[PDB]
*Asks:* 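Could you have a look at this structure, given as structure tokens, before my questions?
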Amino acid sequence: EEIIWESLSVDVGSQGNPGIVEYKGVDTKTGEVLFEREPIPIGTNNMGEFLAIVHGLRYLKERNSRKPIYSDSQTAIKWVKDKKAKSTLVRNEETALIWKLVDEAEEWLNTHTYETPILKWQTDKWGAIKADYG
RNA sequence: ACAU
DNA sequence: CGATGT
Ligand SMILES: [K+]
Ligand SMILES: [Mg+2]
Ligand SMILES: [Mg+2]
Ligand SMILES: [Mg+2]
């Protein structure tokens, strides 16, 4: 199996897990950063991975692009397929922001359509995803 | 076990 | 070493 170079790759970065969460999307071929989310004070790795995919979907749909999205997160890929982020993170004042973003991402999935293939980046074969936070 |  | 997830 070969890398689909005409694609968008996304990844999360964090300081702590749970901790400060950010994510970005890059052109898989060139590494050009196409979007980056301002750090969110408290979230989980998987919430960030999920938000990154959904933002990718919205970014590609707005631009009428049929490119696939790569993510290395088995969890987030499934959450997007289910349109449901099954996170364990407590809901409190500290986590309100990330939970609002997650709820709104689910809502977007439940009110829009897309054909974008969401593909597993095969880290064991190909190395780190091109959006990785080194 | 697998993926982060 | 710890945590998030299927
Ligand atoms: K585990
Ligand atoms: Mg990742
Ligand atoms: Mg990474
Ligand atoms: Mg890392």
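In what follows, chains carry the letters A, B, and so on, assigned in the order in which the sequence lines appear, proteins first and then strands, with residues in each chain numbered from 1. The figures here come from the full heavy-atom set of this structure, side chains too, leaving out hydrogens, waters and symmetry mates.
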*Asks:* Which heavy atom in A:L89 sits nearest to a heavy atom in A:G43, and how many Å separate them?
*Replies:*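 Heavy atoms only, the tightest pair is CD2-CA, 4.1 Å.
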
*Asks:* Hey, is the side chain of A:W79 poking within less than 4.0 Å of OP1 or OP2 on C:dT6, counting only N and O atoms?
*Replies:*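 Yes, such a contact exists.
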
*Asks:* Using a strict 4.0 Å threshold on nitrogen-to-oxygen distance, state whether A:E106 and A:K84 make a salt bridge.
*Replies:*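 Salt bridge present between A:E106 and A:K84.
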
*Asks:* OP1 or OP2 of C:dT4 less than 4.0 angstrom from a side-chain nitrogen or oxygen of A:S87, does that happen here?
*Replies:*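 Answer is no, no contact under 4.0 Å.
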
*Asks:* Rounded to the Å, how far apart are A:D82 CG and C:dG5 P?
*Replies:*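 In whole Å, C:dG5 P and A:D82 CG are 14 Å from each other.
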
*Asks:* Does A:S73 have a side-chain nitrogen or oxygen under 4.0 Å from the phosphate oxygens OP1 or OP2 of C:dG5?
*Replies:*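 Checking A:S73 against C:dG5: no side-chain N or O falls below 4.0 Å of OP1 or OP2.
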
*Asks:* Can you check the A:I98 CD1 to C:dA3 P distance for me, whole Å?
*Replies:*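 In whole Å, C:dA3 P and A:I98 CD1 are 19 Å from each other.
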
*Asks:* Write down the distance between CG (A:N46) and P (C:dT6), rounded to a whole number of angstrom.
*Replies:*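 Taking CG of A:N46 and P of C:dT6, I get 8 Å after rounding.
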
*Asks:* Check A:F50 against A:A76 and note the closest heavy-atom contact, atom names and distance.
*Replies:*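 So the minimum-distance heavy-atom pair works out to N-CB, 3.6 Å.
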
*Asks:* Please report the distance, rounded to the nearest Å, between CD in A:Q74 and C1' in C:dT6.
*Replies:*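 Rounding to the nearest Å, CD of A:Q74 and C1' of C:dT6 are 6 Å apart.
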
*Asks:* Does a side-chain N or O of A:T123 approach OP1 or OP2 of B:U4 to a distance below 4.0 Å, or not?
*Replies:*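 A:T123 to B:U4 OP1/OP2: side-chain N or O found under 4.0 Å.
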
*Asks:* Rounded to whole Å, please give me the gap between NZ in A:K78 and P in C:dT4.
*Replies:*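 A:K78 atom NZ is separated from C:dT4 atom P by 18 Å.
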
*Asks:* Provide, to the nearest angstrom, the distance between the NZ atom belonging to A:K84 and the P atom belonging to C:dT6.
*Replies:*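 The answer, rounded to whole Å, is 13 Å.
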
*Asks:* Starting the side chain at C-beta, find the nucleotide from B:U4, C:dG5, C:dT4 nearest to A:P18.
*Replies:*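 The answer is C:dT4.
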
*Asks:* Do A:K100 and A:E104 meet the salt-bridge criterion of a basic N to acidic O distance under 4.0 Å?
*Replies:*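 Yes.
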
*Asks:* So which atom in A:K67 and which in A:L60 form the shortest heavy-atom distance, rounded to 0.1 Å?
*Replies:*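 Heavy atoms only, the tightest pair is O-CD1, 3.4 Å.
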
*Asks:* At less than 4.0 Å, is any side-chain N or O atom of A:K86 found next to OP1 or OP2 of C:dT6? Yes or no.
*Replies:*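 For C:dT6, OP1 or OP2 has a side-chain N or O of A:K86 closer than 4.0 Å.
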
*Asks:* May I ask you to verify whether the side chain of A:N17 and the base of C:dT4 hold a donor-acceptor pair under 3.5 Å?
*Replies:*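 Result: no qualifying N/O pair found.
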
*Asks:* Would you say B:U4 has OP1 or OP2 under 4.0 Å from some side-chain N or O of A:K120?
*Replies:*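 So the side chain of A:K120 is within the cut-off, an N or O lying under 4.0 Å from OP1 or OP2 of B:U4.
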
*Asks:* Round to the nearest Å and state the distance from A:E49 atom CD to C:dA3 atom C1'.
*Replies:*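 Going from A:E49 (CD) to C:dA3 (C1'), I get 14 Å.
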
*Asks:* Using a 4.0 Å heavy-atom cut-off across all strands, classify A:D72 as base, sugar-phosphate, or nothing.
*Replies:*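 Contact class for A:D72: sugar-phosphate only.
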
*Asks:* Starting at atom CH2 of A:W126, determine the distance to atom P of B:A3, rounded to an integer number of angstrom.
*Replies:*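 In whole Å, B:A3 P lies 13 Å from A:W126 CH2.
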
